[PDB]
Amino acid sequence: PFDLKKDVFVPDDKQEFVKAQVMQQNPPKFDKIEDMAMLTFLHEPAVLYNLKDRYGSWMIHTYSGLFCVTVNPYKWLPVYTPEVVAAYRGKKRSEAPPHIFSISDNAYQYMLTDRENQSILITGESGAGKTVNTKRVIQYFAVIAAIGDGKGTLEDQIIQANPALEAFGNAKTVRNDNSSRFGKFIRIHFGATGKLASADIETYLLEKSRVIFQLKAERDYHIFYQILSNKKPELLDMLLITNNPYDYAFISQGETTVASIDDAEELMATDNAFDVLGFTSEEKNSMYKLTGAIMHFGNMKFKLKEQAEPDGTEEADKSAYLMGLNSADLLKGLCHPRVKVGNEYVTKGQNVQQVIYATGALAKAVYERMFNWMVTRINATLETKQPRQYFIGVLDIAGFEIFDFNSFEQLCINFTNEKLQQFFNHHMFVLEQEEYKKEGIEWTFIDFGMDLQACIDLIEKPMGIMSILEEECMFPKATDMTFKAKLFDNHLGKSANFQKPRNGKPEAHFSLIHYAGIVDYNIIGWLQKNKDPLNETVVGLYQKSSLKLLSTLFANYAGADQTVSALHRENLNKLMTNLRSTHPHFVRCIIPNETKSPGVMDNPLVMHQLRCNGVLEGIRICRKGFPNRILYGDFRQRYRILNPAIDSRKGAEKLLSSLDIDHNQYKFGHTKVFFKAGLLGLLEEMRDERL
């Protein structure tokens, strides 16, 4: 039943809103609507209850005008079958239920239609569902390619690239058991005619610190635990290691086992991927050897000879062989590093703290450089040298996160999420309205309040958090307190998004009002994390190493004779300019609850996400504007059938007036007919009714 004026939504204190500041409920005709732009009433609880209702029937995808919202089901669903893949092909958005397969197919459709590169941009916080959705886009394209009209086919290698990468670059955190600890942009290349030709991956900022450090409730990278599972006892013999994670300090500061992850079957999936990817046994064992060496490296003790000297060579010995190095040379490089004196050298001295730091850095450097090499190797086999014309890029970044302890790592992560949200804002609100102005459409610019420019400027612009951190690095006398002091002198009271920390729970130094909330940051060791300096004496031995992998990992290295933040900003800007030259397809992932409960929806958490993403705003610009527009030529070429009674424009004017449609549903532009929501669908439907 229904009551047009009595059925309303009231602001609940614990559940955001509740079925009954009074908003009208939508009629039952619109229950579980596939496109929320077609709801008669549009307010916060209207969108919240349509999403909650669809999620109750396990319908995790839902359209919001031109973009899609997916809510993590936390449970496998039978909607990603190859049968469903084949059915989604060729289908228009309006003639199939919302799905990630529809976003992918329609990006493909626009690519060949417009002769334009596309990009599937997936947003969301930690554990929202970004990586799963990214894998389903690649899965759709590979399955579609593999059906047409040792090392495996291009399609299998593309799929198997991700399990190989997740072992080395993904890890369990407090918010996600398989959190991506690096950004990823994947391009799927096609020829002029649409046949899949090639693929490449570009990875961004792997969280180095995780390799040698873990928080109370989190693990190191999956790979360590997979190896220590003993599902391949041969690997333990090869790496000269025990079967206990608690025997290795670098990998056991936090948790060591995850309930949702079977580390034994995962190592099998990991190894199988390297096989399909074309890797060799020497290649696999070299990466396994290096992973092992990094564990032994962390177990080396030191002592006062203020100068350090090895406290027992047992752990040093094991890692030196796995690396193809001399154990005495390795230890003398750590404790007594060479300093250039023209064509000669003098060693400097180090204390136990200085050697411990140097060792930590070297393991992080080896690990990150191993991941880079691995990505390059995957790229080398994905390179088919077949003719390519276009590409469909997929962006899977590390999601917005807030831990009990937030450091440099969290700042770089959250910065990117703020940057990508601004991409959505600029595309959906600024560029869209400039297109109406361009085509002489009657329109007055709307301010949707979607502009995190102040927060982005605070982080990246000169004298901002990152610019201050870069300048303070290039001062040898600079300390964490001088950086803290510089941040506050320039920004306290001046930058609105920079606040004093809101402190049991670890001590924070400053607050940052991000698009998705206030994040408390601890600036300890940020100067060192940004510098990333290495013991060049040990790096020198690495260059000469008898293990080809370790030698090539460090062959391209520049000595003493650039920072993390400068490189991150450089890559982020390069990425945003390159995405600007594509047709973007936004997928907004929503985490339904903190506790990983499938089918359960926390209303205050979902509504927070929908607000900071701009879902209501993005729906309104679709309703108030004109989301569909066809060139007068492309309109006569397809819709002349409707009424065949010389100019492309004048003919379209007479055609639309001769039809039984609302004459307010369309507007005439300089080169295109701009349609209101749903009118295009009705015109396409009418084309079948006389085809």
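In case it trips you up, residue 1 is the first one in the sequence shown, and so on.
Undergrad: Could you bin the unmodelled part of the deposited chain lying between residue 561 and residue 562 as none, 1 to 3, 4 to 9, or 10 or more?
TA: Gap size class: 10 or more residues without coordinates, per the record.
Undergrad: In this entry, is the chain continuous from residue 503 to residue 504, or are deposited residues missing in between (none, 1 to 3, 4 to 9, 10 or more)?
TA: In the record, 1 to 3 residues between residue 503 and residue 504 lack coordinates.
Undergrad: Mean CA B-factor: is it higher for 231-239 or for 286-294?
TA: Comparing averages over the C-alpha atoms only gives 231-239.
Undergrad: If you average the CA temperature factors as listed in the entry, which stretch comes out higher, 616-624 or 552-560?
TA: Mean B over CA atoms: larger for 552-560.
Undergrad: Just the C-alpha B-factor column, please: which of 411, 192, 300, 590 has the biggest number?
TA: Out of 411, 192, 300, 590, the record gives the largest C-alpha B-factor to 300.
Undergrad: Using the entry's values, work out which of 642, 68, 60, 36 has the largest Cα B factor.
TA: Max CA B-factor in the entry, restricted to 642, 68, 60, 36: 642.
Undergrad: Sorting the chain's CA B-factors, does residue 601 end up in the lowest, middle or highest third?
TA: Answer is middle: the recorded C-alpha B-factor places it there.
Undergrad: Please rank the C-alpha B-factors of the chain's modelled residues and tell me whether residue 207 sits in the lowest, middle or highest third.
TA: Ranked within chain, residue 207 CA B lands in the lowest tercile.
Undergrad: Which third of the chain does residue 580 land in by C-alpha B-factor: lowest, middle or highest?
TA: For residue 580, whose C-alpha B-factor we compare with every modelled residue in the chain, the answer is the lowest third.
Undergrad: Sorting the chain's modelled residues by C-alpha B-factor, tell me whether residue 474 ends up in the lowest, middle or highest third.
TA: It belongs to the highest third of the chain when residues are ordered by C-alpha B-factor.
Undergrad: Split the chain's modelled residues into thirds by Cα B-factor; is residue 391 in the lowest, middle or highest one?
TA: Within its chain, residue 391 is a lowest-third residue by C-alpha B-factor, going by the deposited values.
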